[PDB]
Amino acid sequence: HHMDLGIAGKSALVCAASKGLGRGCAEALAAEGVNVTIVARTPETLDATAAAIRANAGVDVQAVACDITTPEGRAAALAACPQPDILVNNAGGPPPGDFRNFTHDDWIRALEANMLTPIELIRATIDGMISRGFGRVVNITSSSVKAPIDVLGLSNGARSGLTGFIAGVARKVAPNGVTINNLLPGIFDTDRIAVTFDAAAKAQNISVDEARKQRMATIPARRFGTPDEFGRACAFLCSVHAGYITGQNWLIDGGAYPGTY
């Protein structure tokens, strides 16, 4: 038994996807027959992930080595995948800090990476989607837009800016068979959080395993998220069964956010 998402043979541009949540989305789309173009900066891991997906899924896989948060990187991605049916927006997130230490340049860099980059990729791909009467955009954001994360003010700001803009464009382009939705991760078991736990353990004189355990104990689901399950939610949003879902912020966080809505 398995659910046909109806997107085999379509094309997807999956940003920041040699590892982690982006990789999970690329894998899940390829599993459903989507030809995927994956983007990341470092060739070694990018080429390896592209080869793995090729050998596991049997779809066409393209790899673009670029910084997606530059105009030149966006142009390189679109040169490889010029008319995507499906766009998964993603890029590395901003550094932590106390708000009094954020510089103007820190703000601009976070806004470029996690707000203006997704917006520009939508701008560059939306006309083709509209012309074909089908389109799916999924933006990987953060629980930070629902409840601010203490040390991640740059995310609290930049990703909330993206989300507020997305609300408008989602409803504007909805008449044309295009949906635009955001996937908001709680804590997911990737290399990104291992850096955070490594520093937290060393500061607290406990093991990383113990620090991870203590964090899990505060999550209602009592675990971290997996890149696999994140990618499956992405694939569902990109399917022919989610065409009546647009402008939505899907929080995938094990219940950690306490708000009713």
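One-based numbering along the sequence shown.
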| property | result |
| --- | --- |
| Which of 188-196 and 23-31 has higher mean CA B factor, as the PDB entry lists it | 188-196 |
| Average Cα temperature factor in the PDB entry - higher stretch of 98-106, 111-119 | 98-106 |
| Deposited CA B-factor, highest of 234, 40, 217, 50 | 217 |
| Highest-ranked of 175, 73, 153, 92 once sorted by CA temperature factor in the record | 175 |
| Relative C-alpha B-factor of residue 13, binned into the chain's lowest, middle or highest third | lowest |
| Lowest, middle or highest third - CA B-factor, residue 205 | highest |
| Lowest, middle or highest third - CA B-factor, residue 148 | lowest |
| Position of residue 163 among the chain's modelled residues by C-alpha B-factor, lowest, middle or highest third | lowest |
| Chain-relative CA temperature factor third for residue 133 | highest |
